[PDB]
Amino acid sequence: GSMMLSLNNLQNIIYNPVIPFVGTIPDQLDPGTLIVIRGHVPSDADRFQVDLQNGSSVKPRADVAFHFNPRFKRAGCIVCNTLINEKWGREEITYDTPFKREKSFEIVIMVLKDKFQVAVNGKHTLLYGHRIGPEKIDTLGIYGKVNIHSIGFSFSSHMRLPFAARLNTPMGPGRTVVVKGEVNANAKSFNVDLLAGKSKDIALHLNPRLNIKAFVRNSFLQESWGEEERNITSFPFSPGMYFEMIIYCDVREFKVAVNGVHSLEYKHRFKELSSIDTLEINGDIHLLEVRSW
C-alpha cells in the first residue's frame, strides 16, 4: 500500500566533482547512513567504480571496504569486492545490472549494521556483507569513465519539537500512525495528539507521564477536556528507552501498541474520522521518525 515517512536528515552534498575523485567522508558511516551518487555513463565507457576506503594511501594502497564496480562489456554486470592489505578477497558479481552506456543513474547505498544495501534508480540491486568494520571507512573514491553530478551523504537526526503536521490522508478504519522515538533520560512526560485541524478539536490525546507512570488519554472537544482514561496493564515506557508507538484506527476505537505489544484501546468520541487530519508531538522525548499508512 501507500505510506508516509517523516524524519530529519543532516545532509552533506558535493556538486560536480571531477573524476577521478578522492574525498573525505564528512562523518562516520553509522547504520542508517545513505550515500547518494548521481551521474551518467559516457557512450565510450567500459567501467567505473565507487570505492569506500580506509584512507587514501596509494603505496601501500588504502584498504577498500566496499569496491562497487559496474562494467559494460558483453551484457554488463556489477563487480563487488573488498581490498585488504593490497589483496582482493572473493569477488561478488551481480548480473541484473541497471547501468547502461549513455544513461543517467542514481546509486543509493544504505549502510546497515551487517551489510551495505544498494539500490539503483529506485529499485533494489544488491546486498554486500561487511568484511571491514564500516567505522573504518573515511574516504570515498570514484574512478573510471563516468560523469558524477553529485555525491550526497545523509545522516539521521532528531526531529525538532514541537512537531506538527497535516497527514496527507485523514484517519479512517484501517489507517495506522507510527511514532518512533526515545524517551529522554531526564524525562517527565510527552504527548502525541491526533486533531481535527480545522476545528482544533483533539480526537485522541496520548500522554504518557513517566514521573508517575500513568498513560493518560482524553479528547478535547467543544473546547474542553473530557473524562480521562488511564486503565493500563503496565506502563510501557521508561527514561532513556527507545520506543515504537503504533496507533491503529479501527471502526469503533483507536488501538495503541507500544513495542509490538497491544497496550490500550480508546473508543472514538470524535466520530468523524475523516476530519482527523493533524498530528502533534511534543514533550520530553527525542523524535526519530513518524510513519503512517
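Sequential numbering from 1, following the sequence displayed.
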### Query
Of 76-84 and 198-206, which one has the bigger average CA B-factor?
198-206
### Query
Comparing 227-235 with 27-35, where is the mean C-alpha B-factor higher?
227-235
## Note on the structure
Max C-alpha B-factor within the set 14, 279, 285, 22 falls on 285
### Query
By the record's CA B-factor, is residue 175 among the lowest, middle or highest third of residues in the chain?
middle
### Query
Is the Cα B-factor recorded for residue 98 in the lowest, middle or highest third of its chain?
middle
## Note on the structure
Assert third(CA B-factor, residue 51) within chain per record equals lowest
### Query
Taking the entry's C-alpha B-factors for this chain, is residue 242 in the lowest, middle or highest third?
highest
#### Entry: Ranked C-alpha temperature factor of residue 262 among modelled chain residues, by third
highest
